[PDB]
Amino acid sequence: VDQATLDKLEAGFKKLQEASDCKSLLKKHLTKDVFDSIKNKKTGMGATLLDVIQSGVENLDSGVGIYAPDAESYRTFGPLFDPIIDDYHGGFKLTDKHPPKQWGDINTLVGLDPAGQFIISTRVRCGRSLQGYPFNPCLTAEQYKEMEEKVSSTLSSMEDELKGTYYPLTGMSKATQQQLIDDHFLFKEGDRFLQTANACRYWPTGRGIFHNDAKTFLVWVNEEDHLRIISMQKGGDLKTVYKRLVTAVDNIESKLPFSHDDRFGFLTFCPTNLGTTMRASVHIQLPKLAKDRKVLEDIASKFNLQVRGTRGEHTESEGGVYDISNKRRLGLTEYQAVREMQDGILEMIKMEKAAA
């Protein structure tokens, strides 16, 4: 680690210390003790602590504030990742290991809103990383295209319901891009947290989206993660959505080699996405409980749920519509993760009916 990087690290650490109202996990867990132990370390690909923490230093409103430039980073800079991971995922000890993949018994899932008065739409996603490829900040332009090629070529082999077409972001019209985003299908452009993590180089090269014609099955290519595998539809039929996601992931896994870790499960660019990599969410209205989103979030948190805006994280609710999902992804199975969303949402609905 060259002096120039150390200076910036020392300066970044200071900025974090001074931010009295900063509430990031980065600030909370990057103590003086922790910092000194790992600030001089570097990975085989040349990733430093600066690469890890830089997004959180520049964006003080971060909830987490760190990313892994490569797989090695999770251990090289373990003393920072470990406590942050433990905090976010609601408990994960040094001696803990993420459990084996287990979708569980899908038929044990129930109807979340038969009368259709609360839930607008349901979505479940997972993420995967390709073996032999580092995370965004270490990729070259050429690497983005190979990955784009391999993944797009693989998904052309999807069959039946999952059969679809790959649409590169390159060549996609501005009008078309915005419509896909407004409809909650395509990842947004220009995320300040990712940019400062050097996750958006060469944009939009290598980026795109695969989906079936109904747009119930989608794959994001080369956004935050190499792949995001997505099932979603209008209404509240979580059972169908989850079953479709499983089918897709199982088929894709048989074709593409993904990075998996004995302790951290499936690897992702952000530590919040480790393990199951699963985020099961609904777009839901809860007018009595939502009359102050800060109250809503407090209710959600006790159920291990996270609240996001209608257009995703870092956005406001529109028309009283909130995105509510399981927060935890690591140290629990896929089934347990999806059940936490189900169970929490079922209870929040119970509370909504009982509310004044």
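By rigid core we mean the largest C-alpha set that fits within 1.5 Å across both forms. All residue numbers refer to positions in the sequence shown, first residue = 1.
Student: Say the other structures are aligned on the rigid core; which stretch then has the higher CA RMS in 4 other deposited structures of this protein, 109 to 117 or 165 to 173?
Tutor: Comparing 165 to 173 with 109 to 117, the one that moves more in 4 other deposited structures of this protein is 109 to 117.
Student: Do you reckon 294 to 302 or 43 to 51 strays further from the shown form in 4 other deposited structures of this protein, measuring C-alpha RMS after a core fit?
Tutor: Greater root mean square C-alpha distance in 4 other deposited structures of this protein: 294 to 302.
Student: Quick one: say whether 273 to 281 or 256 to 264 has the higher mean Cα B-factor in the deposited entry.
Tutor: It is 256 to 264 that shows the higher mean C-alpha B-factor.
Student: Averaged over C-alpha atoms, is the B-factor higher for 212 to 220 or for 170 to 178 in this PDB entry?
Tutor: Result: 170 to 178.
Student: Per the entry, which of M341, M348, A11, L332 tops the list for Cα B factor?
Tutor: Top of the list by C-alpha B-factor: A11.
Student: Choose from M45, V64, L305, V52 the residue with the greatest Cα B-factor as stated in the PDB record.
Tutor: Reading the PDB entry, the winner on C-alpha B-factor is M45.
Student: Sorting the chain's CA B-factors, does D113 end up in the lowest, middle or highest third?
Tutor: For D113, whose C-alpha B-factor we compare with every modelled residue in the chain, the answer is the highest third.
Student: Taking only the Cα B-factors deposited for this chain, tell me whether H29 sits in the lowest, middle or highest third.
Tutor: Within its chain, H29 is a middle-third residue by C-alpha B-factor, going by the deposited values.
Student: Of the three thirds of its chain by CA temperature factor, lowest, middle or highest, which one includes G309?
Tutor: Lowest third, going by the recorded CA B-factors of the chain.
Student: When the modelled residues of the chain are sorted by Cα temperature factor, does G91 land in the lowest, middle or highest third?
Tutor: Highest third, going by the recorded CA B-factors of the chain.
Student: Looking at the C-alpha B-factor of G206, is it in the lowest, middle or highest third of its chain?
Tutor: Tercile = middle for this residue's CA B-factor.
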